[PDB]
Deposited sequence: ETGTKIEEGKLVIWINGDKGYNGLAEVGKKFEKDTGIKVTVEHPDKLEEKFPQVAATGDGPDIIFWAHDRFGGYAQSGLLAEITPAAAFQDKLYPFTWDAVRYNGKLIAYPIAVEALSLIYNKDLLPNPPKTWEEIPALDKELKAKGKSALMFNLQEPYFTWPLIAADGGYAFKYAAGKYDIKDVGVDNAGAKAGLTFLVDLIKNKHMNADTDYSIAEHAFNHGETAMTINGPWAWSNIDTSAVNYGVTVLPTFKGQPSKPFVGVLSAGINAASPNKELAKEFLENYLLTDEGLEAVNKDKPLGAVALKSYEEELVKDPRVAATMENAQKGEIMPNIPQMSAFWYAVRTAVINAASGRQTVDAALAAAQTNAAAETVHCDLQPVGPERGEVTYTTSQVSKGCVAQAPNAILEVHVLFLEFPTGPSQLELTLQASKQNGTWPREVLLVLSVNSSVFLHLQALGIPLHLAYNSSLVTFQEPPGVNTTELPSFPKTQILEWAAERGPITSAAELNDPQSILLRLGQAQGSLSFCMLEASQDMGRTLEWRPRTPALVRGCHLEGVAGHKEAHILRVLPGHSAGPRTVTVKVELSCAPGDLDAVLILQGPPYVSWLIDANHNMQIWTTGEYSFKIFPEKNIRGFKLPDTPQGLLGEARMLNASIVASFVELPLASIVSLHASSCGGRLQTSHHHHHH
């Protein structure tokens, strides 16, 4: 995972999309502006983004169907989109409606996705028009060693068209609003579609464990005559020798299959310093005939939101079929509750298809699990002038800690990466309790002025003399760092001695390295993503956390709530420093500290404020006096509600951080 860096763009998009073409567009944008663009497709990126954006990192731009973005915007994780009317006129209005949340545009619409029925012409010159005739057809095809239909059953998105065919829906829309207390997952028609699916699996016309890979591999090799998929899937079929047609989904109970219409959208991370660059890229490069053509060449986008290129794409009969099915379905709601809904429906379908539940029990349960938490406010990013949060953590982008029994020399490796320009770094090596000599290998990404503190350590240095400049240089204990890739640097260093710790740090402001603190028993040091270095390494990153806040409506008086939520495995004391500036002589404020059960809080504040925490807390002035905490809500909205209970009209600070040792908050 590439961290955010000012002057560059990170982009997340699902692994089934045309990220190759999108990266091509990024190479164009880089050529023009000199801004590099890194496109990646992490697994479950839609569930990862909300957690990662709150820490300040994550992609500058996230690509996903609109249904999720509402959630993100409720948590204050997306910047407001303010395109010029001239640009707004270039895309269809309804695609803008998809990205409308509380009157604000939260993303850019890209494409319009809808599932279609893909069939093999050689196997099925005349594909059935109804679900009901599929079984009778699968008998005939199984006689020939084939199957009628195979599509992904592990995601409710693919099976929804049949559930919704009769009276099935997610959230009823009326009076210009979605009613979150009205859900149509457990109704009769949904039960009928899902019961017909369960009847297909029950008769061995489909395999309950079939997934995306199984269905794609099966259809591309001619094992099955039919599959259900979206535009993105046509490319891999083109490579295959299969002669395929793309047409309207079958009817169920005489009614057309209603797929959920998605709108591939690009949201701009509220933690991004490159917002203006992301708007430039999305508006003037990605959304053009050329850009959308480059992406669509890799993986078809379906119908694009951009009108000029849509007028060309509609000439594709496959896109025409996508539109035909989309016209019969329902654009997904974009509300924050959709996530929960999806989870529920998922576990329902699965459990109902595996036989663990009856359709009735599975769907009733779905209706109950879809219930979402109470929302107390819409969070909003807070600017630097209002508040700033800096912290020290033990977590690293990549890291490893290991023990070296009997080793006469131990090796520590640091892969340090910095943005453009000279950077300043403080590095301190802390001696272990007692003669073992140490090797420090530090490779740097740019020029760095370094304060190295190593006291009573028989230390050897390995670095680049041209990039690293010392405030206090040593004369003799130095080795010129060879220019290898990182893995080869690790092996080169291992040729001198075993590696006890290694870490890749992005734009570190300060670093502390503790010798002889090796945790557990691990003899080989292997880099793992998002590793917790424990006591071995503690560093202060330069990028600050994402601070958020809001106003709690219907709450009298002026009372500020400052919330810090530490994210999740042993007893840990988090130091929390609070500096409130321009605070009135008498200020009513509360500090809410939420974290796992194993976290104690050590509080130091320049102001006298209420204290509301989990676990236990102690003031920095009274180390050994322990005050037991309360049981606090786990969710962000839960904590906001706890703030409302405390008569807080204004949430001044809201921060979410992982595995933090020290946390300094500042608010004015």
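- Gaps without C-alpha coordinates occur at 1 to 2, 437 to 440, 575 to 577, 678 to 692, with positions taken along the deposited sequence from 1.
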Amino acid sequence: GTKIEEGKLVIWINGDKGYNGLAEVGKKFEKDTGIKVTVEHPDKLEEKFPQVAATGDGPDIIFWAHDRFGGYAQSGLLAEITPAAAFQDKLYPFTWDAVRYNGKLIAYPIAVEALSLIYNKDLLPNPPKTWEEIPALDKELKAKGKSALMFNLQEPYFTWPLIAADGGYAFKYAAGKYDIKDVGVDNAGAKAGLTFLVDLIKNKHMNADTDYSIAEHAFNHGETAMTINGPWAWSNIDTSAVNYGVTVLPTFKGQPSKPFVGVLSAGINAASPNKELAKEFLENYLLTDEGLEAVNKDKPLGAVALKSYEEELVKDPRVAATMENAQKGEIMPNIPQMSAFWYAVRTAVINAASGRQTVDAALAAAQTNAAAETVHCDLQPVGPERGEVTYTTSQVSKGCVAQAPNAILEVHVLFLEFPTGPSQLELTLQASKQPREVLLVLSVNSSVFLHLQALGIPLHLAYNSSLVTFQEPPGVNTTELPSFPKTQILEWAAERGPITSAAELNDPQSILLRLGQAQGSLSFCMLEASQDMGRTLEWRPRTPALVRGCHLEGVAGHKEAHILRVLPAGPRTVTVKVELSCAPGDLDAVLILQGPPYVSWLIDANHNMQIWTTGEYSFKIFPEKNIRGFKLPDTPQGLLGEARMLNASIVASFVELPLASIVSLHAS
From here on, numbers count along this sequence of modelled residues.
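- The PDB entry reports B-factors from which the mean C-alpha value can be compared for 595 to 603 and 52 to 60; the larger average falls on 52 to 60.
- Judged by mean Cα B factor in the deposited record, 132 to 140 ranks above the other of 511 to 519 and 132 to 140.
- Taking the PDB entry at face value, the top CA B factor among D316, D166, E538, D97 belongs to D166.
- Ranking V413, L363, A402, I350 by Cα temperature factor from the entry places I350 first.
- In this PDB entry, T38 carries a Cα temperature factor that places it within the highest third of its chain's modelled residues.
- In this PDB entry, the Cα temperature factor of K258 sits in the middle third of its chain's modelled residues.
- The PDB entry assigns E642 a C-alpha temperature factor belonging to the middle third of its chain's modelled residues.
- Among all modelled residues in this chain, the alpha-carbon of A652 has a temperature factor (C-alpha) in the lowest third.
- Looking at the C-alpha B-factors along this chain, the one for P636 belongs to the lowest third.
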